Structures are given as C-alpha cells and as structure tokens.
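Report on the structure given below.
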Number of protein chains: 2
Amino acid sequence: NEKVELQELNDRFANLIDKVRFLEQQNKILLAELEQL
Amino acid sequence: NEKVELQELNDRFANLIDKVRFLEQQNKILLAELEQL
C-alpha cells in the first residue's frame, strides 16, 4: 500500500537527515579542535 | 512521470545515503587525527 510505504520512506529520509545534522556538527567540532591544536 | 518522480525519489535517497557514508568516514579520520594529538 502506497500510503504506508510512502510514509515509511519519509521516516527513513527524516532519520537520515537527523544523522546528517549530527555528523556535520561533530565534524565541525573536531575540525575546530584540530585547528586549535 | 509517476515513473519520472519515483526515479527522482530513488536518486535523492541514494544521495542522502552517500552523504551519511562520507560524513561517517570523514568523522572517523578526524577522530583518529585528534587522537594522535
């Protein structure tokens, strides 16, 4: 059923974006630390 | 079209997956470098 399936991909897309945000922030923090060292 | 809207859907899903993959790989190298310092 393409209502539950297209709400599923949505949830996967959402989780992937949260992951992207988290990782972008951490890599920026790590780079800043390296810059400071 | 429905076929030319589903393809787009699969392409953004792939791009998003790749972004996560690269961010994690970049993150692991940054952690390793900070670790040396």
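Note that chain A carries Swiss-Prot numbering, so the residues on display, from first to last, are 102-138.
Method on record in the header is X-ray crystallography, 1.8 Å.
Just so you know, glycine gets a Cβ as well, placed from its N, Cα and C.
The SUMO2 cross-link annotation in Swiss-Prot covers A:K104, A:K120, A:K129. Residues or ranges marked as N6-acetyllysine by Swiss-Prot: A:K120, A:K129. Under the heading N6-succinyllysine, Swiss-Prot lists A:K120, A:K129, citing similarity to another entry as support.
Here the features listed in Swiss-Prot are placed on the structure.
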residue: A:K104; record: SUMO2 cross-link; Cβ contacts under 8 Å, 6 or more apart: none
residue: A:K120; record: SUMO2 cross-link; Cβ contacts under 8 Å, 6 or more apart: none
residue: A:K129; record: SUMO2 cross-link; Cβ contacts under 8 Å, 6 or more apart: none
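Closeness to chain B is evaluated for the recorded sites A:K104, A:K120, A:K129 by Cβ distance, with values under 8 Å counted; counted residues in sequence order are A:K120.
Under the DSSP three-state reduction, A:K120 (SUMO2 cross-link) is assigned to helix.
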